[PDB]
Amino acid sequence: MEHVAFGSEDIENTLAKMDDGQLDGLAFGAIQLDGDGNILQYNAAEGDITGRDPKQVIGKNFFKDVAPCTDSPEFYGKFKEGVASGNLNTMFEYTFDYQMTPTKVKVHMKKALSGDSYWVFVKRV
Ligand SMILES: *C(=O)/C=C/c1ccc(O)cc1
């Protein structure tokens, strides 16, 4: 395991040092998105929660292609306000239900350290 707690205050500093292999050792799901919502990184824990194959979803658009249930003011709307303003730090519960058993999760979205990149962190609740 790579020990990092979900919700930690300096999580973007800690994860800036990790390659794809180290991201797969986290205890929670982690997705890195660019400012258009395309998936740059997607770890093994996220694939275990959602059933998606991490290697196949890289390069797809999260809001248009992979996760249409997040195309809503409650999720995508918060993301796009964050990208526009250049700052984002929000945590909320949500249900993922597209082509899968509905699964309740806690989501934490936070701007990365790398300029136009954004994290989505996910844990079961
Ligand atoms: C709703 O369509 C949610 C889908 C989803 C959430 C998170 C993922 O990693 C993959 C699909």
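Counting from 1, the numbers follow the sequence of the chain as shown. Counting starts at 1 for both ligands and their atoms, in listed order.
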Note: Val122, heavy atoms under 4.0 Å from ligand 1, region reported as neither
How are the rings of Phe75 and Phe63 set to each other: parallel, tilted or perpendicular (split at 30° and 60°)?
perpendicular
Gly29 and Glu46 have their tightest heavy-atom pair at CA-OE1, 3.4 Å
Closest to atom 10 (C) of ligand 1 (heavy atoms only, candidates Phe96, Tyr42, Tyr98) is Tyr42
The reported gap from CE in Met100 to CD1 in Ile49 (rounded to nearest 0.5 angstrom) is 8.5 Å
Ligand 1 atoms nearer than 4.0 angstrom to some heavy atom of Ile31 are 9 (O)
Between the NZ atom in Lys104 and the CG atom in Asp97, the distance rounded to the nearest 0.5 Å is 12.5 Å
| If we only count N/O pairs under 3.5 Å, is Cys69 in contact with ligand 1? | yes
heavy-atom search around atom 5 (C) of ligand 1 in the protein gives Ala67 CB, 3.5 Å
Closest heavy-atom pair, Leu26 versus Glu2, reported as atoms and distance to 0.1 Å, is CD2-O, 3.9 Å
heavy-atom search around atom 7 (C) of ligand 1 in the protein gives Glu46 OE2, 3.3 Å
